[PDB]
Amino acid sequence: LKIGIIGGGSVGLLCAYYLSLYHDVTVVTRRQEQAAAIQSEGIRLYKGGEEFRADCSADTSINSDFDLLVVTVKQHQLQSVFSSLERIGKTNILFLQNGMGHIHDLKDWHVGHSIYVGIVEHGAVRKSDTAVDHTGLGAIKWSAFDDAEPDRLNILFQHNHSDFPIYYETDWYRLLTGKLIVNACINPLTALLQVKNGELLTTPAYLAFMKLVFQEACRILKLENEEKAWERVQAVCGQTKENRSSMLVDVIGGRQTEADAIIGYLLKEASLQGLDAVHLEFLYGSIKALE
């Protein structure tokens, strides 16, 4: 089976290494220089002290009939990808973008492809055009979008390396919002307060502010069980209690953030339902300023 990975960023290279253990992989990239380099060297994965190399093809456009295309580009790059995908024969496409900003776009992208969405819980850092460091051993979880048939991806993902496990979930909306609610409540606050996830629980005022944010976002996302979801946010917080969140990390290092993909999404949905999002908008304004 042929798999195409669209995007040669950290996530795209990580996916390329692990999936090439089972399948014929091609990295589809926007830079001829990256394509050539992968074509010559394959992909290098680092994990702990150890280095491994996977043979992988590359190309700057889609020139094969891929059984699956995995989209790993950032929101800046998504519209150009839709256009490319419109020019190919019906196949399976899995979008792995962080946040839910792209979902408005997906809802009204009407094509004949079978669409799947997923979340990447791994940590990865790109080192060069051909090299990636697997810094956090996580998982990928995926679901069918718009009634696509899950069994189209089951054979592809049946067997994986124990460090690349892949889990299916039936409800894509629950899947994406379960992750989004957590990131929305934690990431902005730790970025502005510059504290570990754990101090959000241990400072009564910070916990109370996170609850205000939660109550706004939970309403916007129309989550099924408010109290259970709030338990989960606090529980995910206690489990990651020593972590400087990803956005806090982006912040000390002056990298642009997932503010658009995470909070921007809540703002657009709040506007459409005529919902109030005072705390979310303040956080959005404050993080956009730091960028």
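Start at 1 with the first residue shown and count on from there.
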item	value
Mean C-alpha B-factor comparison - 18 to 26 and 265 to 273, higher one	265 to 273
Stretch with the greater mean C-alpha B-factor as recorded in the entry, comparing 100 to 108 against 145 to 153	100 to 108
Of the residues 128, 114, 183, 202, the one carrying the largest Cα B-factor as recorded	202
Peak C-alpha temperature factor (PDB record), options 75, 72, 160, 190	75
Modelled-residue ranking by C-alpha temperature factor, third containing residue 79	highest
Position of residue 290 among the chain's modelled residues by C-alpha B-factor, lowest, middle or highest third	highest
Relative C-alpha B-factor of residue 235, binned into the chain's lowest, middle or highest third	highest
Record-listed C-alpha B factor of residue 121: chain third	middle
Cα B factor band for residue 6 (lowest, middle or highest third within the chain)	middle
